[PDB]
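Some notes on the structure that comes next.
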Amino acid sequence: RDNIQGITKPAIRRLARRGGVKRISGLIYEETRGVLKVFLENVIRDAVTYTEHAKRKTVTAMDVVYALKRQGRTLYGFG
Amino acid sequence: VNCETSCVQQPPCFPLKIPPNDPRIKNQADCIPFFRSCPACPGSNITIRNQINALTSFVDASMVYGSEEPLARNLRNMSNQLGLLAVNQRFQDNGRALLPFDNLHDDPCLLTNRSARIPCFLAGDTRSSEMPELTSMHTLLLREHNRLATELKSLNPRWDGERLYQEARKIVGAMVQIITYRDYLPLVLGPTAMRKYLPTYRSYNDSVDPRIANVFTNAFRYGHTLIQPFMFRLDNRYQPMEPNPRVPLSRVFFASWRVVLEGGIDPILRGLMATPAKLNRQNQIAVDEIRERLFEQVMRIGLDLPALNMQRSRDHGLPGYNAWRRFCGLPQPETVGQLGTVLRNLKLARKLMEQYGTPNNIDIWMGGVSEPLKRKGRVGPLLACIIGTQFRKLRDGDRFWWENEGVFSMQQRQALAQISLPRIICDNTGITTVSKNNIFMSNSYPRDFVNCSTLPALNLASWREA
Amino acid sequence: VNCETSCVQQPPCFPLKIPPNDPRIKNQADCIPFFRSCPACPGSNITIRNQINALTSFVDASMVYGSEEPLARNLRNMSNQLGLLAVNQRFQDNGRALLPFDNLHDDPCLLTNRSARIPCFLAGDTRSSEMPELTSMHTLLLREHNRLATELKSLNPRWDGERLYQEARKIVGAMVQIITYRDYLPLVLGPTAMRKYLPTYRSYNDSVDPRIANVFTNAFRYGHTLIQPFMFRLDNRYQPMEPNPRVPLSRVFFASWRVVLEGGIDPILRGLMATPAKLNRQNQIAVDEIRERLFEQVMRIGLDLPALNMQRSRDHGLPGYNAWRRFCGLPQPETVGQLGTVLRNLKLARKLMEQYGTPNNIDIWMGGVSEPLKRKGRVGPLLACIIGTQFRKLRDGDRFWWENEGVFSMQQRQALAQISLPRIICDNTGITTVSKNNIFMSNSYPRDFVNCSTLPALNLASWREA
Amino acid sequence: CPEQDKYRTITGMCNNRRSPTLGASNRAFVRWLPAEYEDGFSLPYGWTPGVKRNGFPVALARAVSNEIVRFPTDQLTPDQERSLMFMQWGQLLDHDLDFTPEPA
Amino acid sequence: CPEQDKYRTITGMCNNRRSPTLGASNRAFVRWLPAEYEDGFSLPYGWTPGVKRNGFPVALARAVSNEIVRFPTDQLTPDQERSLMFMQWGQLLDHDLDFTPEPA
Amino acid sequence: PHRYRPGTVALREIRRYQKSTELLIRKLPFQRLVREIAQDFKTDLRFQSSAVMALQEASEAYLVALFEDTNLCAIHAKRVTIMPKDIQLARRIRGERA
Amino acid sequence: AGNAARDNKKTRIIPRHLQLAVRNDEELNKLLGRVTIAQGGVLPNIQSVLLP
Ligand SMILES: *[C@@H]1O[C@H](CO[C@@H]2O[C@@H](C)[C@@H](O)[C@@H](O)[C@@H]2O)[C@@H](O[C@@H]2O[C@H](CO)[C@@H](O[C@@H]3O[C@H](CO[C@H]4O[C@H](CO)[C@@H](O)[C@H](O)[C@@H]4O)[C@@H](O)[C@H](O[C@H]4O[C@H](CO)[C@@H](O)[C@H](O)[C@@H]4O)[C@@H]3O)[C@H](O)[C@H]2NC(C)=O)[C@H](O)[C@H]1NC(C)=O
Ligand SMILES: *[C@@H]1O[C@H](CO[C@@H]2O[C@@H](C)[C@@H](O)[C@@H](O)[C@@H]2O)[C@@H](O[C@@H]2O[C@H](CO)[C@@H](O[C@@H]3O[C@H](CO[C@H]4O[C@H](CO)[C@@H](O)[C@H](O)[C@@H]4O)[C@@H](O)[C@H](O[C@H]4O[C@H](CO)[C@@H](O)[C@H](O)[C@@H]4O)[C@@H]3O)[C@H](O)[C@H]2NC(C)=O)[C@H](O)[C@H]1NC(C)=O
Ligand code: HEM
Ligand code: HEM
Ligand SMILES: *[C@@H]1O[C@H](CO)[C@@H](O)[C@H](O)[C@H]1NC(C)=O
Ligand SMILES: *[C@@H]1O[C@H](CO)[C@@H](O)[C@H](O)[C@H]1NC(C)=O
Ligand SMILES: *[C@@H]1O[C@H](CO)[C@@H](O)[C@H](O)[C@H]1NC(C)=O
Ligand SMILES: *[C@@H]1O[C@H](CO)[C@@H](O)[C@H](O)[C@H]1NC(C)=O
Ligand SMILES: [Ca+2]
Ligand SMILES: [Ca+2]
Ligand SMILES: [Cl-]
Ligand SMILES: [Cl-]
């Protein structure tokens with residue numbers, strides 16, 4: 001299960017271009033993959049905790065929204 | 001080459017020509033008298049024609065104290081050392097002060113009443129003698145200055161006449177600025193335009209140009225759409241005051257005898273406070289009192305105020321509607337459909353297209369007053385932009401702004417923050433029941449009226465010098 | 001009072017006062033003559049004083065055709081219908097045309113060297129008489145217009161004089177615009193400043209003001225820091241031309257006799273192309289030739305160009321250095337240290353502090369030329385901002401811009417994009433070896449010089465009327 | 001202009017210590033846009049008959065007021081959120097700010 | 001002025017059709033910033049002795065040129081990336097753009 | 001053989017992607033990564049489509065902001081190339097790895 | 001947001017217009033500082049040093 005490589009180098013390059021980055025080093029992609037993995041781990045852990053507390057086997061959008069809001073990353077558009 | 005009697009288009013006369021089938025003027029040979037504004041420097045073929053502003057652009061209550069040294073000196077009471085302003089030596093309003101009479105060779109005031117023989121009034125501005133509401137305002141401000149000087153003399157007996165005059169004038173100017181920028185402009189522009197064009201005050205830019213724009217003198221005439229066709233007078237119970245409770249506006253122009261011999265300024269102030277204004281609608285712009293019978297008594301023929309506005313805009317050489325929409329960063333319509341979408345009234349767009357032929361040729365006043373009003377506002381986006389820019393420049397570019405450091409002390413600023421036009425009306429008149437906060441919104445008696453004693457008073461103890 | 005001979009401060013004289021211990025003027029009661037610029041409309045106590053621009057602000061080669069109807073009519077070759085410009089009727093440069101002679105009551109050119117008695121040249125501007133390089137430029141442009149008219153007549157025999165003259169003028173103006181906005185301005189502002197202030201051309205604003213700013217007339221004098229103290233002449237082999245290969249600049253002011261009697265304009269153009277300009281440095285701003293001996297031969301006393309610039313900036317009422325830094329959105333220093341960091345020079349900042357006292361009082365020219373040069377540029381950020389703004393307004397506000405739609409056909413624009421100043425020089429002069437691309441950057445022989453049979457010529461086939 | 005002053009001057013001078021005439025009385029207006037006259041500098045539009053503005057004829061001001069501004073008085077709509085005090089203070093402030101003199 | 005044109009007017013009139021004066025000859029300059037005069041409108045700084053600008057005395061232009069501008073000519077350095085053609089074209093362009101007249 | 005400069009296409013992409021609102025990461029790989037990560041906390045988990053969409057939006061916004069801060073850090077060090085030390089410094093100053 | 005949509009020649013308000021409205025206003029940006037708007041994009045901004 002190696003799915004962190006699913007975030008390809010062109011995708012990271014596109015995300016950097018949206019951020020105004022002109023030139024990218026070759027070692028940036030691994031660092032970005034690690035940062036994304038850490039962020040997703042935290043958010044998903046909080047969402048799964050919220051889901052278990054609700055006695056459910058399905059992760060809903062409200063759980064993710066609450067998990068993001070708990071981290072000071074309020075997200076608008078999903079409830 | 002007298003413009004008020006001759007219709008020949010010779011300078012400085014720029015008469016208005018009568019279109020065919022005019023409802024009021026049946027003779028095309030006649031015309032509306034009109035005077036071109038004085039050029040900045042006459043006879044110059046090199047400079048583009050520009051107009052002169054005869055008053056200080058700052059909000060410094062120059063309508064009470066004047067903008068020229070001889071007039072300002074003549075407006076004061078030099079018979080003493082209390083620093084008061086001159087008051088009427090012949091008439092009083094129930095024992096209260098009245099504006100001094102003014103001596104002009106051609107006085108329109110005695111033309112309305114040839115029996116009263118009451119001349120025009122003397123104030124900081126020569127237009128103070130139109131119409132009894134404005135005269136009531138001028139008298140109220142005069143009384144307020146006199147009362148402030150009296151209280152300051154009571155607090156500081158060591159101060160001389162010049163010091164009393166200067167301090168009272170400072171307080172009156174600060175009061176005018178506070179009332180204008182706290183009660184009036186939010187209602188004019190609306191919260192969106194107020195926040196966009198007049199942000200929080202920070203400090204004094206000396207780099208901001210405080211001059212009055214040429215377009216502002218024609219964009220601020222949006223108030224001609226708020227004019228009611230009557231003058232209302234109310235008694236102590238805010239009931240119609242007999243006789244003549246509702247007087248046509250054509251019978252009040254340049255009529256100071258109504259202020260003098262008809263009960264003073266208290267009924268006029270009550271009517272101003274307790275009467276709704278006129279809403280500006282795209283099919284109801286200006287009443288016929290100012291459109292057909294303006295200055296009828298004092299002139300050979302009635303004037304047309306909107307027509308005068310647009311003819312003055314043409315005389316001043318102002319750009320068209322599209323140029324000012326581009327100036328303010330707004331989309332500029334080009335066809336009848338785009339103009340209808342912008343104006344939200346398609347029939348008005350057809351009428352404007354028929355009259356002018358292109359949106360670029362629409363006069364600034366007409367396009368400004370034909371636009372839909374902003375939410376919680378009374379001007380269109382273009383007029384709101386112009387007015388907000390001008391007042392932001394007048395506020396940030398003023399060195400003696402009351403909030404600027406060094407002008408008023410912190411205690412003085414906090415004391416001035418407690419003022420209100422209702423309190424001034426309570427203090428300087430015999431009116432005991434007065435509308436609540438935001439006097440420009442309360443208009444129905446007795447739902448939004450309180451007793452005069454509940455209004456906090458201005459505490460001048462911070463002005464004591466020791 | 002004659003400002004040339006007197007030293008009193010009566011209008012219209014604004015003479016320069018001599019500081020104690022002047023290295024050249026040992027008489028403190030003497031003065032440097034100075035004339036106040038003509039006001040826009042004189043004698044007015046209402047309008048703030050403003051100056052007059054006597055030329056068209058557009059880049060239309062008005063230095064060759066003139067900005068007035070009578071001068072333009074006098075500058076033409078009206079003896080026939082070939083649409084040519086008037087040429088000199090007494091002297092020729094090896095069989096080539098010369099500028100027509102002018103007729104002035106007082107002629108500065110005659111004073112320079114009286115035996116020849118050669119008056120000033122007549123062209124589209126009154127200042128072409130100064131400098132043999134400038135006279136060479138004017139002669140080259142006149143020859144180019146004549147050649148263009150001849151070629152157009154050859155292609156279209158049916159065209160009359162007026163059409164030929166107008167078309168040749170159009171092509172000359174387009175060439176001037178191309179050379180200015182493609183080769184000169186990038187070398188002035190630099191890459192980043194050119195990108196910021198002069199982006200790619202899009203279309204024609206009619207809402208952009210094309211007027212020349214008052215500050216621009218003083219800010220564009222940065223070229224006084226690029227003036228070499230001498231005049232150079234190289235022969236066909238690009239070797240010094242005997243006699244007088246290196247002549248002091250004080251002997252060439254209004255010395256049109258040098259142009260007429262010393263080889264024409266070819267050696268002058270060779271010297272311009274094959275020598276390096278002076279580098280502007282914070283401690284090497286301006287040379288002594290224009291600092292002590294300006295107009296020495298013609299005037300009673302040598303003028304001083306930088307002091308003239310400062311006195312003209314004061315005469316025009318221009319704001320200080322900090323005001324223009326604020327205008328361009330740049331930080332405004334207030335102390336000696338802040339000015340030192342701004343200028344990257346603590347000693348120069350200290351000298352400016354001692355002379356002026358505050359950065360708010362530093363003249364626009366002095367502060368602008370004291371700033372460090374931009375990368376690959378020749379001006380500081382403030383001068384770059386002012387110049388870029390002015391030229392962007394000139395380009396966007398010009399209806400007859402060469403890239404504007406409807407001015408030229410696509411084939412005509414494709415042909416015009418190939419022009420270059422070295423090509424003009426070869427077509428209109430006898431020089432057979434000219435500098436490479438970007439003539440303003442190539443200054444070394446024979447490295448950067450090529451035979452100009454290799455430069456493509458302008459193709460007029462797209463101008464043929466089918 | 002005095003280095004220190006406690007109060008405004010009546011004529012409005014010396015309010016801006018860099019350009020003392022900014023905001024003073026008897027001074028020309030400031031133009032936010034270049035003026036648009038018939039001949040370019042002095043003649044207003046509609047002065048000379050037959051001259052069009054931007055390719056279209058200039059409408060008479062009285063005709064525009066007749067066609068657009070005119071409306072029956074009896075259909076007047078009162079303002080339930082404003083009073084006549086609003087309009088009166090507007091006029092007073094306008095008389096504070098600006099005044100364009102005309103020849104007598 | 002004519003509705004349709006093919007060439008520039010020699011004066012510069014009606015280049016901008018909305019405001020024909022803009023860009024023409026024998027017209028006043030535009031002001032990007034308000035003028036700063038000694039008396040406010042006409043007198044330059046340094047006219048009457050003893051009047052200070054921004055609280056500081058007005059320096060003589062000749063004195064400033066003597067102190068800051070002056071430098072020994074023999075220490076001149078040439079520009080390796082420019083030629084005298086650069087400054088000559090600059091002067092020609094300046095003479096194209098503007099010229100402020102002075103009284104005779 | 002028209003070849004652009006090594007910086008022209010980068011600026012073109014910067015202008016293109018700063019004007020759009022789409023998602024720059026393919027949806028299926030991100031969904032697979034999210035499921036793989038969630039496998040570490042609770043087996044046999046079901047995900048709503050809106051949950052995965054919200055996670056993707058939050059991750060993309062976080063990465064874009066982090067890259068803006070990283071660009072600021074790189075420009076501070078007189079560079080135009082984005083390097084991992086810039087990311088580490090930005091994360092420290094933000095308070096994430098601090 | 002409606003002004004932003006009008007500036008883009010659009011009839012409807014999409015989340016992009018909401019993001020443009022929020023991020024271009026200093027006080028609204030301060031209020032919604034830690035708030036992510038879905039499908040809102042980012043403000044077009046390129047650093048000066050990266051320009052050619
Ligand atoms: C053709 O050019 C037109 C003019 O172009 C000018 O010159 C060229 C060479 C460029 O430098 C260009 O940038 C110049 O503007 C151009 O129309 C112009 O459009 C701009 C942007 O919409 C207008 O600016 C807006 O003006 C008003 C008022 O503010 C100004 O005036 C007051 C008084 O003078 C000053 O105090 C101000 O500082 C400004 O100078 C405002 O509505 C607005 O600011 C507010 O709004 C924006 C967004 O709405 C906010 O970001 C701000 O913070 C404010 O809240 C703008 O400043 C400009 O007036 C207008 N010029 C003219 C002469 O009408 C046009 O777009 C070009 N055409 C094409 C097709 O590109
Ligand atoms: C005190 O106020 C000063 C003036 O304030 C003005 O009036 C008040 C009431 C407000 O409306 C305020 O917004 C107004 O600006 C103020 O100084 C002002 O600072 C601005 C921003 O620095 C200056 O604008 C810059 O000007 C130049 C030139 O462009 C202008 O002029 C030309 C010619 O008229 C026009 O064609 C243009 O459209 C502009 O109008 C430029 O250098 C610059 O634009 C470029 O640079 C910026 C980066 O700095 C980029 O973002 C742009 O995209 C451009 O690349 C600015 O437009 C303004 O000239 C200046 N005004 C004056 C009178 O000096 C000051 O900041 C206030 N002080 C404090 C402490 O608050
Ligand atoms: C009794 C009330 C009023 C009278 C007699 C009156 C009449 C006039 C007249 C005849 C003019 C000259 C031509 C012109 O309109 O441009 C004028 C100008 C003006 N009006 Fe009014 N109007 C009244 C109400 C208002 C109101 C309510 C406002 C604003 C809220 C206003 C604002 C202005 C301004 C700013 C001017 C410019 C001054 C000038 O050009 O001399 N007026 N007024
Ligand atoms: C041989 C070359 C030059 C001569 C004889 C010369 C001389 C002069 C003189 C006498 C003035 C008027 C002084 C004053 O009004 O204060 C002047 C002004 C001026 N100069 Fe020069 N200068 C030269 C080089 C340059 C260069 C290289 C440039 C620009 C690149 C330039 C740009 C200007 C401008 C724009 C003016 C303003 C016109 C005016 O003030 O009336 N000059 N020059
Ligand atoms: C001046 O004030 C006194 C009271 O101090 C008053 O009696 C007198 O009438 C006033 N004079 C004028 C001309 O207003
Ligand atoms: C004129 O004033 C007198 C009082 O002096 C009054 O009786 C009369 O009715 C007035 N005339 C009109 C027409 O209002
Ligand atoms: C006009 O051109 C002709 C032919 O080139 C020439 O001989 C003549 O001198 C010119 N006239 C003037 C006045 O320069
Ligand atoms: C003046 O002109 C004559 C030619 O007529 C020339 O020989 C002489 O050298 C010139 N004078 C100077 C001082 O150069
Ligand atoms: Ca005032
Ligand atoms: Ca020109
Ligand atoms: Cl204006
Ligand atoms: Cl200026």
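Chain labels run A, B, ... following the order of the structure tokens; each chain numbers its residues from 1, and ligands are numbered from 1 in the order shown.
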
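Taken over all Cα atoms in order, the superposition of chain C onto chain B returns an RMSD of 0.2 Å.
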
Can you pull out every residue within 6 Å of segment 156-171 of chain B, counting only C-alpha atoms, but drop anything in the same chain fewer than 3 positions away, and send it as a ChimeraX atom specification?
-> /B:81-83,145,148-149,152-153,174

Between B:47, B:32, B:226, B:368, smallest distance to residue 62 of chain D by only C-alpha atoms belongs to B:32

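With the cut-off set to 6 Å and only C-alpha atoms and all ligand atoms counted, the residues surrounding ligand 3 are residues 130, 131, 217, 220, 221, 223, 224, 305, 308, 309 and 312 of chain B; 87, 88, 90, 91, 94, 99 and 100 of chain D.
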
Chain C contacts to chain G at 9 Å (only C-alpha atoms) as a PyMOL selection string = chain C and resi 191-192+195

Which residues sit within 6 Å of ligand 8, counting only C-alpha atoms and all ligand atoms, listed as number ranges by chain?
-> C: 113, 115-116

Residue contacts of residue 92 of chain D (10 Å, only C-alpha atoms) excluding same-chain residues fewer than 4 positions away, as a VMD selection string = (chain B and resid 61 63 125 127 to 128 133 to 135 137 to 138) or (chain D and resid 87 to 88 96 to 97)

Keeping only N, CA, C and O atoms, write the selected residues as a compact mmCIF listing (two decimals), in the first residue's frame.
# COMPACT_ATOMS: atom_id res chain seq x y z
N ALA B 61 -17.52 75.32 9.71
CA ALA B 61 -18.66 76.19 10.01
C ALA B 61 -18.45 77.59 9.43
O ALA B 61 -18.72 78.60 10.08
N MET B 63 -20.20 78.86 7.22
CA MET B 63 -21.50 79.45 6.97
C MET B 63 -21.98 80.33 8.11
O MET B 63 -22.96 81.06 7.95
N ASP B 125 -22.78 83.04 4.84
CA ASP B 125 -23.01 82.77 3.43
C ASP B 125 -24.17 83.62 2.93
O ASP B 125 -25.14 83.86 3.64
N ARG B 127 -26.34 82.90 0.73
CA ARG B 127 -27.51 82.12 0.37
C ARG B 127 -28.37 81.76 1.58
O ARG B 127 -29.33 80.99 1.43
N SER B 128 -28.05 82.30 2.75
CA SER B 128 -28.77 81.95 3.97
C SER B 128 -30.21 82.44 3.98
O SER B 128 -30.98 82.04 4.86
N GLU B 133 -36.15 77.29 6.63
CA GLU B 133 -35.43 76.22 7.31
C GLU B 133 -33.94 76.53 7.42
O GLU B 133 -33.33 76.33 8.48
N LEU B 134 -33.33 77.02 6.33
CA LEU B 134 -31.92 77.37 6.36
C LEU B 134 -31.65 78.54 7.30
O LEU B 134 -30.65 78.55 8.03
N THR B 135 -32.54 79.53 7.30
CA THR B 135 -32.41 80.64 8.24
C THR B 135 -32.54 80.15 9.68
O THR B 135 -31.84 80.65 10.58
N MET B 137 -31.63 77.17 10.75
CA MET B 137 -30.33 76.56 11.04
C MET B 137 -29.28 77.61 11.38
O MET B 137 -28.52 77.45 12.35
N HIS B 138 -29.21 78.68 10.58
CA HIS B 138 -28.20 79.71 10.82
C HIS B 138 -28.42 80.39 12.17
O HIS B 138 -27.47 80.62 12.92
N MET D 87 -32.39 66.70 4.69
CA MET D 87 -32.22 67.61 3.56
C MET D 87 -31.71 68.97 4.01
O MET D 87 -30.85 69.57 3.34
N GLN D 88 -32.23 69.49 5.12
CA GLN D 88 -31.79 70.80 5.59
C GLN D 88 -30.32 70.78 6.00
O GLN D 88 -29.57 71.71 5.67
N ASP D 96 -21.67 75.26 3.61
CA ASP D 96 -20.38 75.29 4.29
C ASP D 96 -19.24 75.06 3.30
O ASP D 96 -18.22 75.76 3.33
N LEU D 97 -19.41 74.09 2.39
CA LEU D 97 -18.28 73.62 1.59
C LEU D 97 -17.99 74.53 0.39
O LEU D 97 -16.87 75.03 0.26

What's the 10 Å shell around segment 327-341 of chain C, counting only C-alpha atoms, without same-chain residues fewer than 4 positions away, as an mmCIF file with C-alpha atoms, in the first residue's frame?
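Saved to result30.cif:
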data_model
loop_
_atom_site.group_PDB
_atom_site.id
_atom_site.type_symbol
_atom_site.label_atom_id
_atom_site.label_comp_id
_atom_site.auth_asym_id
_atom_site.auth_seq_id
_atom_site.Cartn_x
_atom_site.Cartn_y
_atom_site.Cartn_z
ATOM 1 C CA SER B 207 -0.266 65.296 1.358
ATOM 2 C CA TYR C 321 12.437 65.093 -2.712
ATOM 3 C CA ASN C 322 10.387 63.395 0.013
ATOM 4 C CA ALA C 323 7.108 64.520 -1.562
ATOM 5 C CA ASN C 345 26.167 56.685 0.556
ATOM 6 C CA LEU C 346 26.669 58.155 4.023
ATOM 7 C CA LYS C 347 29.065 60.920 2.937
ATOM 8 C CA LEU C 348 26.756 62.108 0.150
ATOM 9 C CA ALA C 349 23.838 61.975 2.591
ATOM 10 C CA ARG C 350 25.817 64.068 5.090
ATOM 11 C CA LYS C 351 26.649 66.655 2.421
ATOM 12 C CA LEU C 352 22.998 66.844 1.343
ATOM 13 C CA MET C 353 21.947 67.151 4.998
ATOM 14 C CA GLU C 354 24.384 70.022 5.539
ATOM 15 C CA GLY C 357 18.824 70.642 6.334
ATOM 16 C CA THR C 358 15.960 68.214 5.691
ATOM 17 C CA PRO C 359 15.182 65.658 2.961
ATOM 18 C CA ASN C 360 11.847 67.429 2.412
ATOM 19 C CA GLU C 371 20.146 58.130 -6.173
ATOM 20 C CA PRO C 381 13.809 54.482 -8.710
ATOM 21 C CA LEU C 382 12.221 57.938 -8.372
ATOM 22 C CA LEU C 383 13.356 59.214 -11.774
ATOM 23 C CA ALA C 384 12.494 55.843 -13.309
ATOM 24 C CA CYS C 385 8.992 56.063 -11.829
ATOM 25 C CA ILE C 386 8.413 59.606 -13.100
ATOM 26 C CA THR C 389 4.661 57.180 -15.876
ATOM 27 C CA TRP E 32 0.835 65.738 -10.553
ATOM 28 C CA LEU E 33 1.341 67.434 -7.166
#

How many Å lie between atom CA of residue 57 of chain C and atom CA of residue 7 of chain E, rounded to one decimal?
-> 16.2 Å

Compile the contact shell of residue 50 of chain G as number ranges by chain: residues with an atom at most 7 Å away, counting only C-alpha atoms, same-chain residues fewer than 3 positions apart removed.
-> A: 22; F: 80; G: 47

Write a file of the just-selected residues containing N, CA, C and O atoms, as an mmCIF file, in the first residue's frame.
data_model
loop_
_atom_site.group_PDB
_atom_site.id
_atom_site.type_symbol
_atom_site.label_atom_id
_atom_site.label_comp_id
_atom_site.auth_asym_id
_atom_site.auth_seq_id
_atom_site.Cartn_x
_atom_site.Cartn_y
_atom_site.Cartn_z
ATOM 1 N N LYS A 22 8.184 29.820 -8.584
ATOM 2 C CA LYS A 22 8.719 29.802 -9.940
ATOM 3 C C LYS A 22 9.663 28.631 -10.183
ATOM 4 O O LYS A 22 9.560 27.960 -11.216
ATOM 5 N N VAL F 80 15.578 32.124 -5.832
ATOM 6 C CA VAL F 80 14.293 31.869 -6.476
ATOM 7 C C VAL F 80 13.931 30.394 -6.481
ATOM 8 O O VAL F 80 12.782 30.056 -6.811
ATOM 9 N N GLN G 47 5.361 37.351 -6.854
ATOM 10 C CA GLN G 47 6.411 38.144 -6.231
ATOM 11 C C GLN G 47 7.220 38.894 -7.285
ATOM 12 O O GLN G 47 7.446 38.404 -8.395
#
